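query.txt (compact mmCIF, C-alpha atoms and all ligand atoms)
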```txt
# COMPACT_ATOMS: atom_id res chain seq x y z
CA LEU A 7 -18.25 57.41 6.06
CA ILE A 8 -18.39 60.68 8.02
CA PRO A 9 -21.36 63.09 7.43
CA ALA A 10 -21.21 65.76 4.73
CA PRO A 11 -21.04 69.20 6.39
CA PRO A 12 -23.76 71.83 6.00
CA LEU A 13 -22.78 74.16 3.12
CA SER A 14 -22.75 77.02 5.62
CA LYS A 15 -19.50 75.53 6.93
CA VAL A 16 -18.06 75.59 3.41
CA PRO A 17 -16.97 79.13 2.40
CA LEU A 18 -17.09 80.27 -1.22
CA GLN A 19 -14.16 82.28 -2.65
CA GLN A 20 -15.37 85.89 -2.74
CA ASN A 21 -15.39 87.51 -6.21
CA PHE A 22 -14.39 84.26 -7.96
CA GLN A 23 -12.58 84.92 -11.23
CA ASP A 24 -13.18 82.01 -13.59
CA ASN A 25 -10.59 83.25 -16.08
CA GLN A 26 -7.86 83.33 -13.44
CA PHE A 27 -8.67 79.83 -12.17
CA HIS A 28 -8.26 78.15 -15.57
CA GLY A 29 -5.26 76.00 -16.50
CA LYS A 30 -3.08 73.40 -14.84
CA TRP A 31 -3.28 72.46 -11.17
CA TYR A 32 -1.63 69.60 -9.22
CA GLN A 33 -3.60 67.78 -6.49
CA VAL A 34 -1.02 68.21 -3.71
CA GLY A 35 -3.42 67.32 -0.90
CA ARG A 36 -6.83 65.63 -0.59
CA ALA A 37 -9.16 64.63 2.25
CA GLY A 38 -12.40 62.68 1.91
CA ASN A 39 -15.01 61.13 4.22
CA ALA A 40 -14.62 57.76 2.54
CA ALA A 41 -13.01 54.43 2.90
CA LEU A 42 -9.67 54.86 4.37
CA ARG A 43 -7.88 52.08 2.36
CA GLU A 44 -4.92 49.76 3.33
CA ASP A 45 -2.21 49.59 0.66
CA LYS A 46 1.65 49.29 0.69
CA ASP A 47 1.50 51.23 -2.49
CA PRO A 48 2.00 54.95 -1.96
CA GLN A 49 -0.45 57.31 -3.61
CA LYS A 50 0.99 59.11 -6.64
CA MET A 51 0.15 62.69 -7.45
CA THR A 52 -2.29 63.67 -10.19
CA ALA A 53 -2.69 66.85 -12.24
CA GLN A 54 -5.92 68.55 -13.33
CA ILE A 55 -6.52 70.98 -16.24
CA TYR A 56 -9.44 73.40 -15.83
CA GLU A 57 -10.33 74.37 -19.38
CA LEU A 58 -12.76 77.35 -19.39
CA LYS A 59 -15.27 77.07 -22.25
CA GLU A 60 -17.46 79.56 -24.15
CA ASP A 61 -20.56 78.49 -22.19
CA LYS A 62 -18.64 79.39 -19.00
CA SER A 63 -18.30 75.78 -17.86
CA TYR A 64 -14.96 74.04 -17.31
CA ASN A 65 -14.00 70.77 -18.92
CA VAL A 66 -11.81 69.45 -16.10
CA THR A 67 -9.36 66.71 -17.13
CA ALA A 68 -7.41 64.75 -14.53
CA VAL A 69 -4.47 62.52 -15.45
CA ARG A 70 -2.90 59.70 -13.47
CA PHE A 71 0.04 57.38 -14.09
CA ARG A 72 -1.42 53.84 -14.11
CA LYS A 73 -0.24 50.46 -15.51
CA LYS A 74 2.84 52.16 -16.98
CA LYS A 75 0.67 54.56 -19.00
CA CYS A 76 -1.22 57.84 -18.68
CA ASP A 77 -4.92 57.58 -17.76
CA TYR A 78 -7.28 60.56 -18.33
CA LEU A 79 -10.79 61.42 -17.11
CA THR A 80 -12.73 64.53 -18.08
CA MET A 81 -15.72 65.95 -16.24
CA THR A 82 -17.71 69.08 -17.09
CA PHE A 83 -18.43 71.57 -14.29
CA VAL A 84 -21.48 73.72 -15.11
CA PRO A 85 -21.55 77.11 -13.30
CA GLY A 86 -24.34 77.90 -10.86
CA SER A 87 -25.65 81.43 -10.23
CA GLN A 88 -23.03 81.87 -7.50
CA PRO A 89 -19.53 82.30 -9.03
CA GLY A 90 -17.23 79.49 -7.95
CA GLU A 91 -19.96 76.92 -7.47
CA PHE A 92 -20.70 74.20 -10.03
CA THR A 93 -22.83 71.18 -10.80
CA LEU A 94 -21.98 68.27 -13.11
CA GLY A 95 -22.77 68.20 -16.82
CA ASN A 96 -24.34 65.03 -18.27
CA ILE A 97 -24.57 63.24 -14.90
CA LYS A 98 -26.50 60.36 -16.58
CA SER A 99 -23.21 59.34 -18.16
CA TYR A 100 -21.66 58.50 -14.80
CA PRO A 101 -22.97 55.12 -13.54
CA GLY A 102 -24.29 55.46 -10.00
CA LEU A 103 -23.88 59.24 -9.62
CA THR A 104 -27.12 61.04 -8.70
CA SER A 105 -25.94 64.28 -7.08
CA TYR A 106 -22.76 66.31 -7.57
CA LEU A 107 -21.64 69.72 -6.31
CA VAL A 108 -18.39 71.72 -6.54
CA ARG A 109 -17.41 74.76 -4.48
CA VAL A 110 -14.16 76.69 -4.76
CA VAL A 111 -13.51 77.59 -1.11
CA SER A 112 -10.41 79.76 -1.46
CA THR A 113 -7.60 80.50 -3.92
CA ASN A 114 -5.02 83.12 -4.81
CA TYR A 115 -5.06 81.81 -8.43
CA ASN A 116 -1.29 81.82 -8.99
CA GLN A 117 -0.20 79.45 -6.22
CA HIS A 118 -2.97 77.54 -4.50
CA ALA A 119 -6.63 76.67 -4.15
CA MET A 120 -8.90 74.58 -1.93
CA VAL A 121 -11.96 73.01 -3.61
CA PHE A 122 -14.88 71.21 -1.90
CA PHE A 123 -16.78 68.36 -3.58
CA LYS A 124 -20.00 66.68 -2.41
CA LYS A 125 -21.73 63.83 -4.23
CA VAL A 126 -24.17 60.96 -3.91
CA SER A 127 -23.10 57.67 -5.54
CA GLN A 128 -25.07 54.41 -5.18
CA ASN A 129 -27.19 56.11 -2.50
CA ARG A 130 -24.20 57.09 -0.29
CA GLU A 131 -23.10 60.67 0.28
CA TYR A 132 -19.41 61.42 -0.10
CA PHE A 133 -17.49 64.66 0.22
CA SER A 134 -13.91 65.73 -0.09
CA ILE A 135 -11.63 68.74 -0.13
CA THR A 136 -8.57 69.14 -2.32
CA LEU A 137 -5.54 71.37 -2.05
CA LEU A 138 -4.42 72.40 -5.53
CA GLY A 139 -1.04 73.86 -6.32
CA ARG A 140 0.30 75.64 -9.41
CA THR A 141 3.40 73.61 -8.49
CA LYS A 142 3.82 70.05 -7.21
CA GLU A 143 4.99 71.33 -3.84
CA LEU A 144 3.42 73.92 -1.53
CA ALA A 145 4.56 75.73 1.66
CA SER A 146 4.01 73.93 4.98
CA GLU A 147 1.73 76.78 6.08
CA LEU A 148 -0.73 76.11 3.22
CA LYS A 149 -0.75 72.40 4.01
CA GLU A 150 -1.41 73.06 7.70
CA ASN A 151 -4.24 75.46 6.82
CA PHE A 152 -5.70 72.72 4.60
CA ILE A 153 -5.34 70.24 7.43
CA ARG A 154 -7.20 72.50 9.86
CA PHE A 155 -9.97 73.28 7.36
CA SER A 156 -10.44 69.53 6.71
CA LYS A 157 -10.64 69.00 10.48
CA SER A 158 -13.16 71.85 10.79
CA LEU A 159 -15.36 69.71 8.52
CA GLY A 160 -15.03 66.67 10.79
CA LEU A 161 -12.31 64.81 8.91
CA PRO A 162 -9.65 63.01 10.95
CA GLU A 163 -5.94 63.41 10.17
CA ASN A 164 -5.77 59.84 8.84
CA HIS A 165 -8.19 60.68 5.98
CA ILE A 166 -5.84 63.42 4.79
CA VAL A 167 -3.33 62.46 2.12
CA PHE A 168 -0.54 64.33 0.32
CA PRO A 169 0.18 62.27 -2.81
CA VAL A 170 3.83 61.79 -3.86
CA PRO A 171 4.98 64.00 -6.73
CA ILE A 172 5.96 61.95 -9.78
CA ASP A 173 7.41 62.82 -13.17
CA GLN A 174 5.23 60.64 -15.38
CA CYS A 175 2.14 62.06 -17.08
CA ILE A 176 1.37 64.96 -14.81
CA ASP A 177 4.02 67.23 -16.36
CA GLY A 178 1.92 66.86 -19.41
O1 LIG I 201 -8.89 64.39 -8.59
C1 LIG I 201 -7.73 64.00 -8.85
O2 LIG I 201 -6.80 64.71 -9.28
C2 LIG I 201 -7.43 62.51 -8.61
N1 LIG I 201 -8.68 61.75 -8.46
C3 LIG I 201 -8.51 60.70 -7.45
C4 LIG I 201 -8.67 61.30 -6.05
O3 LIG I 201 -9.19 62.43 -5.97
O4 LIG I 201 -8.27 60.61 -5.09
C5 LIG I 201 -9.13 61.17 -9.74
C6 LIG I 201 -7.98 60.39 -10.39
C7 LIG I 201 -8.38 59.60 -11.63
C8 LIG I 201 -7.75 59.87 -12.84
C9 LIG I 201 -8.12 59.19 -14.00
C10 LIG I 201 -9.13 58.25 -13.99
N2 LIG I 201 -9.42 57.70 -15.16
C11 LIG I 201 -10.37 56.81 -15.49
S1 LIG I 201 -11.68 56.41 -14.39
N3 LIG I 201 -10.40 56.41 -16.76
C12 LIG I 201 -11.39 55.49 -17.34
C13 LIG I 201 -11.56 54.23 -16.49
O5 LIG I 201 -10.95 53.12 -17.14
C14 LIG I 201 -12.75 56.19 -17.47
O6 LIG I 201 -12.67 57.25 -18.42
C15 LIG I 201 -10.90 55.09 -18.73
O7 LIG I 201 -10.65 56.26 -19.52
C16 LIG I 201 -9.75 57.95 -12.77
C17 LIG I 201 -9.38 58.62 -11.61
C18 LIG I 201 -9.66 62.27 -10.66
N4 LIG I 201 -10.89 62.89 -10.12
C19 LIG I 201 -12.03 61.98 -10.30
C20 LIG I 201 -12.10 60.91 -9.21
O8 LIG I 201 -11.56 61.15 -8.11
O9 LIG I 201 -12.72 59.86 -9.48
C21 LIG I 201 -11.11 64.16 -10.85
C22 LIG I 201 -11.52 63.88 -12.29
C23 LIG I 201 -11.69 65.18 -13.07
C24 LIG I 201 -12.69 66.12 -12.39
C25 LIG I 201 -12.29 66.36 -10.94
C26 LIG I 201 -12.17 65.03 -10.19
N5 LIG I 201 -11.89 65.27 -8.76
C27 LIG I 201 -11.02 66.44 -8.55
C28 LIG I 201 -10.45 66.40 -7.13
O10 LIG I 201 -10.64 65.35 -6.47
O11 LIG I 201 -9.82 67.40 -6.74
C29 LIG I 201 -13.17 65.49 -8.06
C30 LIG I 201 -13.91 64.16 -7.91
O12 LIG I 201 -13.21 63.13 -7.83
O13 LIG I 201 -15.16 64.21 -7.89
Y Y I 202 -10.72 63.25 -7.63
```
Render the structure in this file as structure tokens.
Ligand SMILES: O=C(O)CN(CC(=O)O)[C@H](Cc1ccc(NC(=S)NC(CO)(CO)CO)cc1)CN(CC(=O)O)[C@H]1CCCC[C@@H]1N(CC(=O)O)CC(=O)O
Ligand SMILES: [Y+3]
Amino acid sequence: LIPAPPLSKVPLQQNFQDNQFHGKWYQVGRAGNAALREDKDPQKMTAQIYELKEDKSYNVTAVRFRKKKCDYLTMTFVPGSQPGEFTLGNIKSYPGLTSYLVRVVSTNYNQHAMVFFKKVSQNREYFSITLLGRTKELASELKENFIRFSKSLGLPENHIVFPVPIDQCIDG
């Protein structure tokens, strides 16, 4: 594990528009401070649906292709006073999770987004950054910008992964 960065190093998308951020996003890139993992099984891409609710929170559902079937997980992001920042609803329901924070760093809403996550699980602090795309593939310039932002946070190139687009489940 590499140290979580001070929030002052993590920008917040100016004038965040929650109703433009809703809908389907693909995780085209991700970088975390965690385990690094050896595996001759390539990482498959996942999709996330940000469902904006009446209480202004998002029910975020991710889906992955696993054991020949589709596997879903939904988490509720509760808005803070600063637009684009969130905390986790019903944290007691997640075994081991004691702190959780979300910050939308940047997005143009119709193509891409970069989201920062910081959490404490079983007394260890983890953080990650994801590159979301409206499509499964994004321009090399957006991926390089994501790579340099991840680096700016102290993450080495080998912690950065661009999951392989697949057809199963995520075209949901
Ligand atoms: O985020 C993705 O798109 C791929 N993720 C992996 C990754 O980031 O490397 C998982 C993928 C994922 C899919 C299905 C199951 N389903 C299970 S646990 N299902 C049973 C377990 O049997 C529990 O409900 C059964 O239903 C678990 C894992 C989904 N993640 C949760 C995770 O990483 O644990 C997302 C879940 C929805 C909220 C946003 C969240 N992450 C968004 C992000 O990283 O950009 C932030 C975060 O991870 O804190
Ligand atoms: Y995730």
Checklist entry - Which polymer residues have any atom within 12 Å of an atom of residue 79 (chain A), counting all atoms listed in the file, with same-chain residues fewer than 6 positions away left out, as a PyMOL selection string? => result chain A and resi 52-55+65-71+100
Next on the checklist: Residues within 8 Å of region 131-146 of chain A, please, as a ChimeraX atom specification. Count only C-alpha atoms; anything in the same chain fewer than 6 positions from it doesn't count.
Outcome noted: /A:7,9-10,30-40,116-125,152,156,171
Item to check | Within-9 Å shell of (-21.6, 66.8, -12.4) in input frame, all atoms listed in the file, as a VMD selection string | outcome: chain A and resid 81 to 84 92 to 97 100 103 to 108 125
Checklist entry - Expressed in Å to a single decimal, how great is the separation between CA of residue 167 (chain A) and CA of residue 127 (chain A)? => result 21.7 Å
Next on the checklist: Neighbouring residues of residue 44 (chain A) were defined as those with any atom within 12 Å, considering only C-alpha atoms; residues of the same chain fewer than 3 positions away were excluded. Please report them as a ChimeraX atom specification.
Outcome noted: /A:41,47-49,164-165
Ligand LIG 201 (chain I): axis-aligned bounding box, 4 Å on each side, centre and edge lengths in Å, one decimal, as JSON:
```
{"center_x": -11.0, "center_y": 60.3, "center_z": -12.3, "size_x": 16.4, "size_y": 22.3, "size_z": 22.4}
```
Item to check | Atomic separation - CA of residue 45 (chain A) relative to CA of residue 101 (chain A), Å | outcome: 25.8 Å
Next on the checklist: Let me make sure I understand: among A:169, A:16, A:151, A:114, which one has the smallest atom-to-atom distance to ligand Y 202 (chain I) if we use all atoms listed in the file?
Outcome noted: A:169
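The space between CA of residue 17 (chain A) and CA of residue 113 (chain A) spans 11.4 Å.
Nearest residue to ligand LIG 201 (chain I), choosing from A:73, A:149, A:59, A:46 and counting all atoms listed in the file: A:73.
Comparing the minimum interatomic distances between ligand Y 202 (chain I) and each of A:27, A:22, A:78, A:64, counting only C-alpha atoms and all ligand atoms, we find that A:78 sits nearest.
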Checklist entry - Which residue, A:148, A:51, A:18, A:111, has the smallest gap to ligand Y 202 (chain I) when you use all atoms listed in the file? => result A:51
Item to check | Nearest residue to ligand LIG 201 (chain I) from the set A:153, A:166, A:8, A:13 (distances using all atoms listed in the file) | outcome: A:166
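Minimum atom-to-atom distance to residue 12 (chain A), evaluated using all atoms listed in the file, belongs to A:158 out of A:80, A:174, A:158, A:26.
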